[PDB]
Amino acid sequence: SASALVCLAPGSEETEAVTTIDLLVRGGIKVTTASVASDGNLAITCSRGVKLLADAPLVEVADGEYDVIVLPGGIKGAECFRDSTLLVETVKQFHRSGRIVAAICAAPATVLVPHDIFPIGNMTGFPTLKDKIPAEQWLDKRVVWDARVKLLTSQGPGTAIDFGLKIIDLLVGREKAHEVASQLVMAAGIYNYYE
């Protein structure tokens, strides 16, 4: 029953987006990808040229019943998100309605901080952009989950597995996260949800 709205824009980071989508599907989460292209185009060219088809334009699915909204990074993709009134309103509405906001890489500093969506809360993002996250909020962790504000953040292409697994934990739980992790041949430095 859990569901995720994964946003995509021209210049989104394709490893971040695709890894996350794949993991969520493996976790039994229904995924809808939403284009935030300004014209509604669904055929998105990502930051390294990968061409990815979104399922729907954001305006058609933003009001949907999703448990989490996911913001991939990629500098130009994140700038598109920042500059989209609809995207920002949608993020705010997920937060205000008690749902989860998940953002990786460039997205925290580029989207969340300028719009002051989370004035209180811990967050991370891509490390070269750490001076764009307020110092009292920054943590240098692969994933940061601040349950007080239901904000999940993560750092870069290489933390996309950690990020996706944490979304699975938050939507479906530890058993499913561990199950998905066990499928991947993941590196020892990524938490695998069993103790």
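When you see a residue number, it is the position in the sequence shown, counting from 1.
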Identify the stretch, either 152-160 or 129-137, whose C-alpha atoms have the larger mean B-factor according to the entry. 129-137
Could you settle it for me: does 91-99 or 104-112 have the higher average Cα B factor in the PDB entry? 91-99
Considering only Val144, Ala62, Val50, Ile69, which residue's Cα atom bears the greatest B-factor as recorded? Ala62
Can you work out whether the C-alpha temperature factor of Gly74 puts it in the lowest, middle or highest third of the chain? highest
Would the CA B-factor of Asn41 place it in the lowest, middle or highest third of its chain? middle
Where the record places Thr124 (Cα B-factor, split into thirds across the chain): lowest
